[PDB]
Amino acid sequence: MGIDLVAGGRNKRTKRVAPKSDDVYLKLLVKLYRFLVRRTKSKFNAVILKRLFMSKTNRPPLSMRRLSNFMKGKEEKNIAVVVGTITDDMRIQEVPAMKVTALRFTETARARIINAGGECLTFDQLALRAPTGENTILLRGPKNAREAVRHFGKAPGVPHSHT
Amino acid sequence: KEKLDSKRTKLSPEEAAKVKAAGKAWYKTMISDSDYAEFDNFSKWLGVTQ
Amino acid sequence: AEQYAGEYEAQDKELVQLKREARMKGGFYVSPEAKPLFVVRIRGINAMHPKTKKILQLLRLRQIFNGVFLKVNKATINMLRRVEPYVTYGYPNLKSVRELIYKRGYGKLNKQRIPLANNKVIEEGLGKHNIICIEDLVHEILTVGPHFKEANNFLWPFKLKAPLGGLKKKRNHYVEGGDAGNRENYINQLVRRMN
Amino acid sequence: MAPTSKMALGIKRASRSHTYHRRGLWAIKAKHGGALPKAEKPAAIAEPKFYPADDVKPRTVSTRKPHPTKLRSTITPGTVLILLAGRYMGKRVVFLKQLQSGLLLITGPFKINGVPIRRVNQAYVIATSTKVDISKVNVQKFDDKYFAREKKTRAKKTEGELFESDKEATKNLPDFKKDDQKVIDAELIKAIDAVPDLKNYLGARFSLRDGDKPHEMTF
Amino acid sequence: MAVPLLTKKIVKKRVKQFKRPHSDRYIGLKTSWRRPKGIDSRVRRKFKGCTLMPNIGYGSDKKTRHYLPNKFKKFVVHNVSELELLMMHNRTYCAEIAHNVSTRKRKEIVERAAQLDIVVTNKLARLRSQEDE
RNA sequence: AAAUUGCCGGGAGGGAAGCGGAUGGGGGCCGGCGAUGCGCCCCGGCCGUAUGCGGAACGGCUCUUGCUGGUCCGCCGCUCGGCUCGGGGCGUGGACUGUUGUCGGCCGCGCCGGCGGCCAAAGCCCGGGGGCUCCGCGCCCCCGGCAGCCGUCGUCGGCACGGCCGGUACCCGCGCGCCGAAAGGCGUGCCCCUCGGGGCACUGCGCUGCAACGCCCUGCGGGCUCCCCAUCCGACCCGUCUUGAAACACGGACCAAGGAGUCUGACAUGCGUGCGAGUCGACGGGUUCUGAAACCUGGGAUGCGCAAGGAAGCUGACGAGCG
RNA sequence: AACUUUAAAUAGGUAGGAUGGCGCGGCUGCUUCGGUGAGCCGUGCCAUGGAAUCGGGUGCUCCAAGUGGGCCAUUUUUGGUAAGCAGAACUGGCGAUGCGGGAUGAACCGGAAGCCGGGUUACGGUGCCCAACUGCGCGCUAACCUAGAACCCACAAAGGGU
RNA sequence: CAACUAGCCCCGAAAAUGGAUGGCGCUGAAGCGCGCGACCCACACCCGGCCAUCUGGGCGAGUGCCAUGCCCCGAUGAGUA
């Protein structure tokens, strides 16, 4: 018909619960979020749903360093929602406690975080006790950083004049 | 609507009123040829000069 | 509307009688216009330059016999005279718009389009300018007063029928006995074939 | 537009009256309405479905309305009709009454012209300018319930019995109808002979010649 | 609901029948539809009369998909165990005896099927297998 | 098995033009078509609950322990009653499929009527003046009183019919006291009209298809194939090349069976899986149900810091803001 | 055209604000002979509010296929007598396009195409082919040396006729 | 009476397989120019039904289970490489 009309038909489609979701535990967890979100007022739990949909190859590991650094008395020991996993490459003995909830924890993290304080909470519990999703920060995690933006291949991706 | 309906209640008995208004107006002008008639005449006289 | 004509009936008296037997006119008094426009797309998107094509999209006209109302502006009619053989336009009277909005009306985006049927014109539609209901909306938009360019803020296309008794030829403008371009009297005639 | 106007610019003026009449009793079906009726012990599956009750009531009334007015163009009892469809089509007949079914009782007198009592549809008919006077004719006996054509249940008898094949599926002449028809026909003949040459005219038949126009012909 | 949808499917038919082009004059070229890959085909260009192409829009109503014309959903029934599943449905599903099953085993399927009251096509298939026209 | 060939049958016809098909109808050929439905009562047939008894799988739970709730079968006691197959007896009428009536929605269809715009005026009778004609009739023009009716613009109003789709399966529609075959009407207050009538206010539940004919078996609607007649894009049939293939481009008599993006090593991205500052068993050794599987070693490889050509580098830990 | 004082139109660029302005007060190796100024930091104030219109959403990143011979028409235009020619400029098509129209035609005209019923049109028609007025109205035409009859398009002129 | 203006018709206007307003034929046209109505008419347009795709919803509290399910939306869909 139109080219204008075709413009509406060629729209977006990011959209996907991931091409293959092998993990049954991931798959049931997103169903739990799916049920609660439409039965609650929570913008925050809706954001969680997207980050656990499309990819796992995008979910960022977050070290104990920097997790500690943004809860520095300007967040009074809330709940840290970590999309990917906690990793343990630091020793400071961090914050004297903190309740950290995540999708996955490393085995080292399970021991380390709880023996610094608080409790390693599961995302099942996050959904249970906060479908409301309040007093909460999705703490952080980067992959956009120095290594592996477009910095790929063999010899990266450059200052930029020619490549 | 509601708004349309309230205007349509007004319109329906005033269909009769339009016919009555037209016929009565014609009768009224000729009853006298004093002041009343002359006022009607003036507008027509002026408008048919030019 | 009637009393405007009635005012000039009372005041003027130099216009009518003698002037048929002569040329020129004299003085007396003048009736103003103040009319929004309605624009329906006569001619398709095939074989036309792309600046004009952008204008059709901009004023939304996305298929033939699409309709969107436009405002009173110098700018709006400058824009339409780059589009003129591809559209026909003019003001349709107050009454004709009322009996056309009902037929081919739909809701506005902010959702999809849930139409102007019983329940869903009363309980849906926003409006902070005025009451968003069908009869109210037509009254506000065509009087072109305060924030009634946001009593425009349409559905987004009126999907007009193809005209009964057909078009006048597509290949000419209004003057040469074609359809296309400006004409206030005969646009309402056309839209009352496109019921 | 004109008939519907009262209801349209009222909304439910007729139906308002009924509630207020009920309320004239005192205090009633507001209280009774919550308590009223059955439910809770199902059959089969969910029971998601349908009818009896409520639904039947407006539908029966609405189906009654076409029988005069809409179909009718205008036609008073004792108008002469042309049957353009039906079996007896091409016969001119006299109109006895309009049934509850909406089908018309007619009868041409049996001896002169073959038309029996019969039910015919209003929709078929052309209303002619002639009227035959049906002042003192007892059309009363013939009613809607009178015209039940027996089905092929079993034998015509009482029921429950082993039966034989000699039923009439699409037809049935009751003996009683034949006796009754003679009586009603007798009164009609008196009216028919009063105007000359009408009696022969009914049996002859009307049809449109080549070159005749049905539009121009209109009785 | 279900009944007018059945009427729409059966009466209308898009039994267009998608025949491959030039199937008629080359015997080896198959009746089975395959999409004309080349530009040069008239069928590809969508000329009418050259046999219209299969598209989704030709497709029937969702409810009336994979139904027998009786409005029953057809199920090929291999053995006695599978009849128990069909029993839940009754009216909605049909039993049709499989090709593999031999004549003696067909009989036990029929008698059980009768109890479920899903007599249609099950009995018919068995009767032929006995000896019958 | 395909191809081909033979026989024979059917269609068709020896007055007629062929892309071999589609589209429509008829023949020819053949499969299909609730077991025949429901309410009620009478007889015949069979069983028995409640409650007591006697043996048990259960429940909520508690969870030592406790209290409330079980149902069922065995089959006796004590009082009553019910159901099912068939027949009898009565009422309602259900079986594919085709047809007709109707209500609602959508759309067309022809016709009739009103008001206003366009100072309203053509118009006609009455009255007055002028011009032209200057042979006069006549012609024209204008102005004041007037039945009158007009072309065009806008709007509203009313009818008469039909197509198609659907029967409205949750707020579309509507009933629930009464009369009236029927349709239909029947409260009351208010206000306008103050006439005829009108508009306007005032309860909650339940719920979405009505009339009719044929026959289901006798018998037959039908589906499907070929043919004939009707109708049609028919760029020659497809593929390829090409801007363009029907091409006076190229290949292909026909058919069967073979027959062409594979597998690997090393790589990038994406996606999945594990584990994660680590990670990767399997060169190897242990062991064995034996080419396996299981177990395990130090690692080595890759990463966890870099940057230089190289030597090398205070030696890369003080630690960051803003939108 | 390779001249221009002059000098269009259609094209083309920029701006029309919160990614902004203003107040407060900090620093400098700059800049000022001078805290003079400049830039950049903390803190405060001002919303629909900065023409019109639209956004059946938009913004952003990674990665890979095909393409790498184009062809045509209207318009503009250079070479050439010209060409269905060779070569540019703009745009739409074909290529990647049937269907309807032009008898017929890849590109012209109309319009981009799910599957159907019913309505209604476009282009183009209404004597018959061929669906549809041998309809109404007002002219012109009598063609023995080619009567005339639909863009592109199937050609056609100077010049002559009492 | 003369010189002009511009309509149609005539001349100028001659090619080869016989031939093409497409054909027949058409002269108060069925021609040519033009007006006015009515009418005809594409997979276009509308309305309805329906398919998938896309978009937005909705419904799992278990103990009928496809919950990658089911159900309500509306818009869109030619298609070579």
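Within every chain, residues carry numbers counted from 1 in written sequence order, not necessarily those of the entry, while residues missing coordinates are excluded from display. Each chain takes a letter, starting from A, and each ligand takes a number, starting from 1, following the order in which they are written. In this view the chains form part of a larger assembly, and all numbers refer to the visible part. Side-chain measures here rest on the full set of heavy atoms in the structure, leaving out hydrogens and waters.

For this entry, the PDB record names cryo-EM as the structure determination method and reports a resolution of 5.5 Å.

Near RNA strand H lie 31 residues; those nearest to it are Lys15 and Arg38 of chain A together with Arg35, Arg44 and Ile56 of chain E. For this description, a residue counts as near a given molecule or strand if any of its non-hydrogen atoms is within 4 Å of it. Backbone atoms, meaning sugar plus phosphate, form 80% of the atoms of RNA strand H positioned within 4 Å of the protein. We define a polar contact as two N or O atoms separated by no more than 3.5 Å, with the added condition that, inside protein, one atom must be a possible hydrogen donor and the other a possible acceptor, whereas residues neighbouring each other in sequence contribute only through side-chain atom pairs. Between RNA strand H and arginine 34 of chain A, the relevant distance is 3.2 Å, taken from a base nitrogen to a side-chain nitrogen or oxygen of the residue. Within the backbone of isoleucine 56 of chain E, an N or O atom sits 2.8 Å from a sugar or linking oxygen of RNA strand H. Numbering of helices and strands runs from the N terminus, with a helix taken as a DSSP run of H or I at least four residues long and a strand as a DSSP run of E at least two residues long. In terms of residue count, helix α2 (residues 24-37) of chain A provides more of the surface near RNA strand H than any other element does, 4 residues in total.

Attention now goes to a nonpolar patch on the surface. On the surface, a cluster of nonpolar side chains totalling about 440 Å² of accessible area is made up of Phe39, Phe42, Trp45 and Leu46 of chain B. By the element assignment, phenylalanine 42 of chain B lies in helix α3 (residues 35-47). Patch membership is restricted to residues that have no salt bridge and whose relative accessible area is over 30%. Joining uses 9 Å for like charges and 5 Å for the nonpolar side chains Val, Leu, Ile, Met, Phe, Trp and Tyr. The Shrake-Rupley method, run with a 1.4 Å probe, gives the accessible areas here. Residue values count only the displayed protein chains as cover. Throughout this description, the term salt bridge denotes a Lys or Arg side-chain nitrogen within 4 Å of a carboxyl oxygen of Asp or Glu.

This part covers empty space enclosed by the protein. Residue and element names in this part refer to chain A. A pocket here means an open set of points on a 1 Å grid, computed over the protein atoms alone, that has protein on both sides within 12 Å along at least five of seven lines. A cavity is instead a set of points where a 1.4 Å probe fits but cannot get out; residues with an atom within 4 Å of a point line either one. Grid points are joined across faces, edges and corners, and a volume is the space filled by probe spheres set on the points. Counted by the stated rule, this structure contains 4 cavities of 30 Å³ or more. Taken as a whole, the largest cavity encloses approximately 100 Å³ of empty space. Forming the walls of the largest cavity are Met64, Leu67, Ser68, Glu94, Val95, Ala97, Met98, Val100, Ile113, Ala116 and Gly117. Each pocket or cavity is described by its volume, and for the second largest cavity that value is around 40 Å³. Nonpolar residues are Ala, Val, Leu, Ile, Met, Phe, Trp, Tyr, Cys and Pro. Charged residues are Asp, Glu, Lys and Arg, and all others, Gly as well, are polar. Broken down by class, the residue content of the lining of the second largest cavity amounts to 6 nonpolar, 1 polar and 1 charged.

What surrounds RNA strand F is a group of 109 residues, the closest being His21, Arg23, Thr158 and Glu159 of chain D together with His22 of chain E. Within 4 Å of the protein, the contacting atoms of RNA strand F are drawn from sugar and phosphate to the extent of 71%. One of the backbone nitrogen or oxygen atoms of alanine 2 of chain D is found 3.1 Å away from a phosphate oxygen of RNA strand F. Between a base nitrogen of RNA strand F and a side-chain N or O atom of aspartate 54 of chain D, the distance comes to 2.7 Å. Within the surface near RNA strand F, the residues separate by chemical class into 32 nonpolar, 31 polar and 46 charged.

Moving on to a positive patch on the surface. All names here are of chain A. Under this rule, positive means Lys or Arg and negative means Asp or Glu; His and the chain ends count for nothing. Charge coordinates come from a single atom per side chain, which is NZ of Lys, CZ of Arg, CG of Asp or CD of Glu. Together, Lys27, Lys31, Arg34, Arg38 and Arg39 make up a positively charged patch on the protein surface. One can find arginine 39 in the loop between α2 and α3 (43-51). Overall, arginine 39 belongs to the exposed group, its relative accessible area being 69%. To sort residues, take the accessible area from a 1.4 Å probe on protein chains only and compare it with the maximum for the residue type: under 20% means buried, over 50% means exposed, and anything in between is partly exposed.

On to the side chain of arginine 62 of chain C. Along the chain, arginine 62 of chain C falls in the loop between α2 (50-58) and β2 (66-70). The side chain of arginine 62 of chain C is buried and forms no salt bridge, while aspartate 4 of chain A, the nearest opposite charge, is found at 4.7 Å. Among the polar contacts made by the side chain of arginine 62 of chain C, one reaches the main-chain carbonyl oxygen of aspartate 4 of chain A at a distance of 3.4 Å.

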